[PDB]
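Here, residue 1 is the first one in the sequence, and each next residue gets the next number. Counting convention: from 1, in listed order, for ligands and their atoms alike.
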Amino acid sequence: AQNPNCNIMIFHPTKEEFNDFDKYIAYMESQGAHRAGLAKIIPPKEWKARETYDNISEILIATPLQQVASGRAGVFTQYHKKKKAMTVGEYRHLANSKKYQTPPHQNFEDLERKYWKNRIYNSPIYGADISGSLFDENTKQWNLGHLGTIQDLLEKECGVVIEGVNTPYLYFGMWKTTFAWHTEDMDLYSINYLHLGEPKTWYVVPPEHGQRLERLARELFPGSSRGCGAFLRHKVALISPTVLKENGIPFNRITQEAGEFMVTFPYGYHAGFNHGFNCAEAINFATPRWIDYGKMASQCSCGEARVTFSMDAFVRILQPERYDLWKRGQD
Ligand SMILES: O=C(O)CNC(=O)C(=O)O
Ligand SMILES: [Mg+2]
Ligand code: NI
Ligand SMILES: [Zn+2]
């Protein structure tokens, strides 16, 4: 078995290897990358996502989210308070302000220590989940707006034609902005490209051990667990690496820098934080190996998780027994 310790692997494809996305994902899996839940892909030196980032300031963040924390430093939830719209240029200035800017630090490890010590005492503002793309249309390799769609994958594997679309999302981050512990909708893959700015630190649990994280989370968030049998689908709970180590939960961590891709694999729980002003682009995707994970994915039916139009078909076809209850949660 390849990668039996479930380490995060880093890949350096050549320009030739970067042509066929599906093939390269399958190669990474052949080397055991999926066992970690997360992989880094450094693009060939010839490649670029677009020519410059000099003209992005007029993109609108229609609903910036202030991430307010409750709990203790290592075990907390966050809720998202909606703020007034602002442009990317206004958000960048905000991120760089004395109130929100990254503090002085020695290295990534010192910054990680400061994040876990101090996150809860601040409420950073995140521009998340903005439909759109920063890939130049002429970028033909690993262009996250030109991937094969999950609807087409389901149709190719299973023969059923379904409605729905699959488009990318932009994320504009600042120091301390936080992504809570989650797997993807329907335990899909994700791919994330850090277009510009400061790094993003990731934490991940191997898919084969995801239920260990879920059992810890039910212990640590006992009211939330009683409210919903899949509350991590709400994407609000944080647990620090120190707490994970104290409870024996297997995980790994890595820092993504600008110009790098990360892939999350089916049922790989992940969480993380931004180091400073940045912009990432991410999308879900599927492969043949996902289908079995999609069929087994947990679902939130309490009403909190509320998701895209396109998840309807996935539930309906892959999980027909769960469909009625899940749809009630959506309505
Ligand atoms: O970058 C973020 O805030 C969150 N991204 C992801 O969870 C991802 O790409 O799957
Ligand atoms: Mg612009
Ligand atoms: Ni994710
Ligand atoms: Zn729920």
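Angle subtended at the Zn ion (ligand 4) by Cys302 SG and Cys228 SG: 120°, rounded to 10 degrees. The Zn ion (ligand 4) forms the vertex of an angle spanning SG of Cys300 and NE2 of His234; to the nearest 10 degrees it equals 110°.
Ring pair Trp175/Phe273 is perpendicular by interplanar angle, where above 60° counts as perpendicular and below 30° as parallel.
Donor-acceptor pairing under 3.5 Å is recorded for the side chains of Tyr115 and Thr178. With 3.5 Å as the limit, one finds a donor-acceptor pair spanning the side chains of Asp312 and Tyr323. For the residue pair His209/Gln211, the side-chain donor-acceptor check at 3.5 Å is not satisfied. There is a side-chain donor-acceptor pair under 3.5 Å between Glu281 and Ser133. Under the 3.5 Å distance criterion, with hydrogens and angles disregarded, no donor-acceptor pair is assigned to the side chains of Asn96 and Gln101.
At a heavy-atom distance under 4.0 Å, only side-chain atoms of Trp202, from C-beta outward, approach ligand 1. Residue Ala280 does not touch ligand 1, judged by heavy-atom distances below 4.0 Å.
Ring pair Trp142/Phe11: centre-to-centre distance not below 6.0 Å. Between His80 and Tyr126, a ring centre-to-centre spacing not shorter than 6.0 Å is recorded.
Atom 9 (O) of ligand 1 has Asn192 ND2, 3.0 Å as its closest protein atom, hydrogens excluded (heavy atom only). In this structure, the protein non-hydrogen atom closest to atom 10 (O) of ligand 1 is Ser190 OG, 2.7 Å. Summary of contacts: the protein heavy atom closest to atom 1 (O) of ligand 1 is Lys200 NZ, 2.9 Å.
Nearest to atom 3 (O) of ligand 1 by heavy atom, out of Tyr171, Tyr126, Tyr169, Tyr189, is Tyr126.
When the options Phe261, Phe172, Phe135 are evaluated for a ring pair (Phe, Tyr, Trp, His ring centres under 6.0 Å) with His195, the one that passes is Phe135.
By the 4.0 Å heavy-atom criterion, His182 is counted among the residues contacting ligand 1.
Closest approach of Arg35 and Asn3 over heavy atoms only: CD-O, 3.7 Å.
A continuous path of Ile, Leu, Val, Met, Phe, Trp and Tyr side chains, each step under 4.5 Å between heavy atoms, connects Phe76 with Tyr203, placing both in one hydrophobic cluster.
Taking distance alone, with nitrogen or oxygen atoms compared against 3.5 Å, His270 approaches ligand 1 more closely than that limit.
Atoms of ligand 1 found under 4.0 Å from any heavy atom of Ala282 (numbered from 1 in listed order, with element): 9 (O).
For the Ni ion (ligand 3), protein N, O or S atoms closer than 2.8 Å were enumerated as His182 NE2, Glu184 OE2, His270 NE2, with waters left out.
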